[PDB]
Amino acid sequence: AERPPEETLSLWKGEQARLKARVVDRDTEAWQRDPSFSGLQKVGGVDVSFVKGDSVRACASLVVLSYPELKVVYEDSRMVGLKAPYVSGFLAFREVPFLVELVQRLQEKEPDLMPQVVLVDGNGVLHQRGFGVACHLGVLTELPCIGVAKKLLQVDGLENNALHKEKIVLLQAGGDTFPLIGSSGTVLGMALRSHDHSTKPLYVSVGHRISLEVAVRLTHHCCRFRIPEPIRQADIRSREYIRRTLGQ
């Protein structure tokens, strides 16, 4: 509903700094150091869709897909009540509690389908304070997480200016990338052209327990369309559930 007061945003910033010390930005799973990701069998995807008329009602979805076939083997959607509006840089405080609850519900119902990695709609370390929603989910669940964003977060001097759009033009095939370098010189993420018949890139960053190069290549391998299939299937389910709720 209402934008949070400065007292709340300060506490949220403090919480992000405390948790950021737990981010692991290298590979820690045997399949991640395999040239073909042999051993990777389950890739997760999450989405939260907010109802057009209601600032309280939302639908959170978790899917698990087989790898490499990308078939849905687990799905869960839930209507939830929002506690916070969208504020850029504080996305996790609007939705990460629902995602954690979705992972806990999977652990109770189908523990053998726990994903080995989760694609999250939104940034990881490409973030105002280096701790976006993909890092936040990763630290709370200890699952490997990848941040996949559909627009460029303009932090650390990153801009969607004419030079950025030129670089996008040079991305000519599915799988082409260019690095996102902050003013500090740090590599924050990668722009990725995710398939041959899309021109607007994805922006991929490390969430937790994965390296950037592995994060980018896996994201590419999950793309049948622009949006990686685990996120895409969670989107589809969240919106269908909202539709059926309003009657349709």
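Don't overthink the numbering: it's just position in the shown sequence, from 1.
I need to verify one thing: averaged over C-alpha atoms only, is the B-factor higher for 65 to 73 or for 49 to 57?
That would be 49 to 57.
I need to verify one thing: averaged over C-alpha atoms only, is the B-factor higher for 234 to 242 or for 10 to 18?
Here the higher of the two C-alpha B-factor means belongs to 10 to 18.
Just the C-alpha B-factor column, please: which of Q32, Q41, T199, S205 has the biggest number?
Highest C-alpha B-factor among the listed residues goes to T199.
Which has the highest CA B-factor per the PDB entry: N123, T141, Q107, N161?
Highest C-alpha B-factor among the listed options: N161.
- Query: Taking the C-alpha B-factors as the PDB entry records them, is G89 in the lowest, middle or highest third of its chain?
  - Reply: Within its chain, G89 is a middle-third residue by C-alpha B-factor, going by the deposited values.
- Pull the Cα B-factor of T219 out of the PDB entry and bin it into the chain's lowest, middle or highest third. Ranked within chain, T219 CA B lands in the lowest tercile.
Rank-wise, by C-alpha B-factor, drop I146 into the lowest, middle or highest third of its chain. As the PDB entry reports it, the C-alpha B-factor of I146 lands in the lowest third of its chain.
| request: Comparing against every modelled residue in the chain, figure out the third that the C-alpha B-factor of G157 lands in (lowest, middle or highest). | output: Tercile = highest for this residue's CA B-factor.
Requested in this report: Would you mind checking where the Cα B-factor of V187 ranks among the modelled residues of its chain, as the lowest, middle or highest third?
Outcome: Highest third - that is where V187 ends up once the chain's C-alpha B-factors are sorted.
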